[PDB]
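Engineer:
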Amino acid sequence: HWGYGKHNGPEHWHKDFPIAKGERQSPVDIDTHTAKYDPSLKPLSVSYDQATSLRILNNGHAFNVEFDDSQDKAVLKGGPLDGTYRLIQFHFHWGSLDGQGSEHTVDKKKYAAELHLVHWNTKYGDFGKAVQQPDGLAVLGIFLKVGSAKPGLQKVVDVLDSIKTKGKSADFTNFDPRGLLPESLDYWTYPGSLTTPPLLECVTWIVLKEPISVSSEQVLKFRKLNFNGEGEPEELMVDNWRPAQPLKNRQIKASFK
Ligand SMILES: Clc1ccc(Cc2nnn[n-]2)cc1
Ligand SMILES: [Zn+2]
Numbered sequence: 004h005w006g007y008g009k010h011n012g013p014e015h016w017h018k019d020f021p022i023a024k025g026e027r028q029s030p031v032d033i034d035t036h037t038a039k040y041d042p043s044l045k046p047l048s049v050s051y052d053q054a055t056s057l058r059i060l061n062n063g064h065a066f067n068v069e070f071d072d073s074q075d076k077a078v079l080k081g082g083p084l085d086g087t088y089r090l091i092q093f094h095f096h097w098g099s100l101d102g103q104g105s106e107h108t109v110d111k112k113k114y115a116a117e118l119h120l121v122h123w124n125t127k128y129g130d131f132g133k134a135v136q137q138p139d140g141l142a143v144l145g146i147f148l149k150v151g152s153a154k155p156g157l158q159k160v161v162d163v164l165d166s167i168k169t170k171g172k173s174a175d176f177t178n179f180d181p182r183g184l185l186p187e188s189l190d191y192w193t194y195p196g197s198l199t200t201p202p203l204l205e206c207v208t209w210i211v212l213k214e215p216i217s218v219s220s221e222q223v224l225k226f227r228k229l230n231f232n233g234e235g236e237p238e239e240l241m242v243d244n245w246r247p248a249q250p251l252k253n254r255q256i257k258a259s260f261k
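Those letters in the sequence shown? Residues 4 to 125, 127 to 261, per the deposited numbering, in order.
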């Protein structure tokens, strides 16, 4: 029964999930002046040409677009990563207003939303196994700022009223996640965690420097979703973001000078 409210939100999660106060928790503030350019970071390889999207689901915390990860169809490699990481799903975190929503912050700036493209290390064979490993997942985080519409997000936006409430899903085949990327693949990387329970410390975070622009109308539609299931009182799905957590003994590395 965790969520994002006063009574079940992030400040409460440590009671059920004491790793909440662990040593490699996410998200973090990315201090752009303290992150170090790491000349040894291989270039990042996002190969999504063959991606097979399937379904879009409101799970009561976010909306998830799910992909067929039974084969190496959409993968992430290179940059900080060893081996191959297979795309399983993406989702967003967003705010009730344009000035908040992202999980990661950049010199304390909050963006309106944050996209997470979630990949698991194929050497651990399934996702469940991967989340039990320090290098189990690689999450590609991309900030959303409000400006001009993002055309490759609109198929997402346009379908949301079919999954208004928790537990609703719809067919979402033939969606190409490459349309959600910015131009540049410059990134920050650091070792961290899931930003939701169970908060496992199993993520290599890769956060793109260049945000994508989305329109106000686009993000507005995210905010019309519901945390609640159908035929319950309406709690709008907003502010599903965890605030920034202590960096502790970690370094954020930059791929760019
Ligand atoms: Cl499959 C999956 C993985 C992580 C999350 C939530 C999250 N953890 N870190 N960023 N988002 C939701 C679904
Ligand atoms: Zn997320």
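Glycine is no exception: its CB is placed at the ideal position from the N, C-alpha and C atoms.
#1: Which of the three DSSP states, helix, strand or coil, is assigned to residue 1?
#2: Could you check whether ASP34 and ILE210 sit closer than 9 Å to each other, using their CB atoms as the reference points?
#3: Measure the alpha-carbon distance for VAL160 versus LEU60 and round it to whole angstroms.
#4: Specify, as a first and last residue, the run of the alpha helix (DSSP H) that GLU221 falls within.
#5: Which same chain residues end up closer than 7 Å to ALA65 when comparing Cβ atoms and leaving out the 5 residues on each side of it in sequence?
#6: Can you list, in chain order, the residues of its chain with a C-beta nearer than 6 Å to that of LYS261? Leave out the 5 residues immediately preceding and following it.
#7: What residue does the beta strand (DSSP E) around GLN92 start on, and which one ends it?
#8: Where in the segment 42 to 80 do unbroken runs of the beta strand (DSSP E), each at least 3 residues long, occur, reported from the N-terminal end onward?
#9: Rounded to the nearest angstrom, how far is the Cβ of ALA248 from that of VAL31, given a contact under 8 Å?
#10: When DSSP builds the beta bridges, which residues end up paired with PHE20?
#11: Any idea which residues DSSP pairs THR193 with across the strands?
#12: So is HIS10 buried or exposed if we call it buried at 16+ other beta carbons inside 10 Å?
#13: From the DSSP secondary-structure annotation, give me the bridge partner or partners of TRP123.
#14: Quick test of your reading: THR193 and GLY82, contact by CB under 8 Å. State the CB separation rounded to the nearest angstrom.
Structural biologist: Reading off the structure:
#1: The requested residue 1 does not occur in the structure, where the chain is confined to residues 4 to 261.
#2: no
#3: Each residue's alpha carbon lies about 11 Å from the other.
#4: 220 to 226
#5: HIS94, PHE95, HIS96 and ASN244
#6: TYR40
#7: 88 to 97
#8: 47 to 50, 56 to 61 and 66 to 70
#9: 5 Å
#10: According to DSSP, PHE20 bridges with nothing at all.
#11: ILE210 and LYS257
#12: Burial call: exposed.
#13: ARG89 and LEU141
#14: 7 Å
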